[PDB]
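The chain below stands alone, shown as structure tokens; this is the form deposited in one PDB entry.
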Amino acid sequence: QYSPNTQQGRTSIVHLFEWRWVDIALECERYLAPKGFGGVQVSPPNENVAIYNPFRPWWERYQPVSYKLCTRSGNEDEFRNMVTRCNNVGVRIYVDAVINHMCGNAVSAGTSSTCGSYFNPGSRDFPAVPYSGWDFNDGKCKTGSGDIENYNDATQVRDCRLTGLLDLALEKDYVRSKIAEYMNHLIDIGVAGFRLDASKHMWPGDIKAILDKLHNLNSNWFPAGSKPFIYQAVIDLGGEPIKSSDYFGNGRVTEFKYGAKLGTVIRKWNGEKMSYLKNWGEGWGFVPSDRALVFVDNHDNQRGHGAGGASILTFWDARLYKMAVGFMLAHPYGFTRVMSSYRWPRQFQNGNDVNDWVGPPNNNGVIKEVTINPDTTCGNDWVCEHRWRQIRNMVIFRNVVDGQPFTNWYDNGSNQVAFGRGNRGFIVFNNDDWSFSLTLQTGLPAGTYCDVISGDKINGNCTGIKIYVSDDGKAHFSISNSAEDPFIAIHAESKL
């Protein structure tokens, strides 16, 4: 189950949030492949309801109308074209599968859908699938509102509507078959796996029944007998009757405590300090590394929503963000996902962002293409964190040190720490309010290494800082507390 199915050597996937299929295909060939990224998580590719109030929010894509591959990101031809082009270059595609529900019960009937399909939430008729009132949990849910009201009741969380979203009867073989039909369509096209949206709201057993009906991965790109990579979106911060471990039988699970706690530590809140990261991992109560999908932020919580709370680090806090992502990519715990977002007119009022609903850059609803600037950055309001030198070079760092043990740990008892990965990589952080100047044991072969955070190695040259490792593995590091990027990283492949 639990294998990402990426090409040997590639260790991360990127979430190209709300990107168009055609732009992802180009990105795979011009950037992702040559830069060593393992794969891409795409936004839901199935038809959703077009919500005009507010104007085309990002969350309308989490309200299915049918399973036709027709959305603002593109049609089926473009989707197939993207998967093929990306697979041919060694970059995998993972689909965000919204299978727990359909749209909001209070949405008006009609054809306000991304593909014009007709649907009637009131009568619970989605003829494009087709689903009828007999395919929902209206009869199971026993709350007054028909919605989930108490999260300390596991049954309610599974059988009632998540915020009014029509809850599918996943125990019915008919429903399981329709969903499996959709997922097999994607698998045969070439997708390598799925993010199972709202997994906490589904019974582990139903998810299993659906996975039993799936084909093996397309034999043109994957070894025979390959199984799709499955990671279930379960928000478990502890304290609930539902535990992420209840889903280990189906695949990996998203570890939301990861970004929440790392954000608190980097921000140095709640008395937390970087020296405490010495036992980062299961030691902090996270799920086993072999079942974890980790990230600093995701599409939901970077908007202040979702759970980690106010500790979540985002591209808005660029300096601290790069450090957190840098630490995640260097640490052996779990399988890493990098976020790639778009900017929106954030407007707080009483601590809340009233524009947290805003969708991707657009011209009257039409998603704007991702343009690339001369300096390799993106235009049209796409942030492209995956193109930031500090992030992109750490994605490569993880590939280079893959398999190496966590060793040579150092800390000053405060917020200055360093550690290596075998004899293939070393990284140093300074998050204290004073300079860091020290000679440390790196465990690396003697030589001149390019610091990949401040620069790049380009044919025997470094465009940034150079680190000198002596015959005994010692190297001196200097990091001002007022430095742009208060951390340095070198590895086997940045050596001159």
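One rule holds for the numbers: they count along the sequence shown, beginning at 1.
Colleague: Looking at the deposited entry, does 147-155 or 176-184 carry the larger mean Cα B-factor?
Modeller: Higher mean C-alpha B-factor: 147-155.
Colleague: Highest mean C-alpha temperature factor of the two stretches 335-343 and 209-217, which is it?
Modeller: Comparing 209-217 with 335-343, the higher mean C-alpha B-factor belongs to 209-217.
Colleague: By the CA temperature factor listed in this entry, which of these ranks top: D197, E385, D317, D353?
Modeller: Among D197, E385, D317, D353, the PDB entry lists the largest C-alpha B-factor for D353.
Colleague: Looking at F419, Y258, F348, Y321, which has the highest Cα B-factor in the entry?
Modeller: Result of the comparison over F419, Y258, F348, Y321: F348.
Colleague: Lowest, middle or highest third of the chain for the C-alpha temperature factor of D381?
Modeller: As the PDB entry reports it, the C-alpha B-factor of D381 lands in the middle third of its chain.
Colleague: Give the position of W269 by CA B-factor within its chain, expressed as the lowest, middle or highest third.
Modeller: It belongs to the highest third of the chain when residues are ordered by C-alpha B-factor.
Colleague: Would you mind checking where the Cα B-factor of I490 ranks among the modelled residues of its chain, as the lowest, middle or highest third?
Modeller: Tercile = lowest for this residue's CA B-factor.
Colleague: Sorting the chain's CA B-factors, does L438 end up in the lowest, middle or highest third?
Modeller: It belongs to the highest third of the chain when residues are ordered by C-alpha B-factor.
Colleague: Using the temperature factors of the C-alpha atoms in this entry, rank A169 within its chain: lowest, middle or highest third.
Modeller: It falls in the middle third of the chain.
One more form of this protein, deposited with a partner chain bound, exists but is not displayed; see below.
Colleague: Quick one: from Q63, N431, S43, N46, grab the residue that has a heavy atom within 4.5 Å of the partner chain in the entry with it bound.
Modeller: Filtering the options by heavy-atom distance leaves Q63.
Colleague: If the cut-off is 4.5 angstroms on heavy atoms, which of these, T163, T377, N184, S219, is the one near the partner chain in the entry with it bound?
Modeller: For this set of options, the contacting one is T163.
Colleague: Using a 4.5 angstroms cut-off on non-hydrogen atoms, would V354 count as touching the partner chain in the entry with it bound?
Modeller: Yes.
Colleague: Indicate whether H305 is a 4.5 Å heavy atom neighbour of the partner chain in the entry with it bound.
Modeller: Judged by the heavy-atom cut-off of 4.5 Å, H305 is in contact with the partner chain in the entry with it bound.
Colleague: Taking heavy atoms only, is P54 within 4.5 angstroms of the partner chain in the entry with it bound?
Modeller: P54: yes, in contact with the partner chain in the entry with it bound.
Colleague: Is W58 close to the partner chain in the entry with it bound, meaning a heavy atom pair under 4.5 Å apart or at it?
Modeller: Heavy-atom contact with the partner chain at 4.5 Å: present for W58.
Colleague: Could you tell me which of 155-163, 184-192, 275-283, 315-323 sits within 4.5 Å of the partner chain in the entry with it bound, going by non-hydrogen atoms?
Modeller: The contacting stretch is 155-163.
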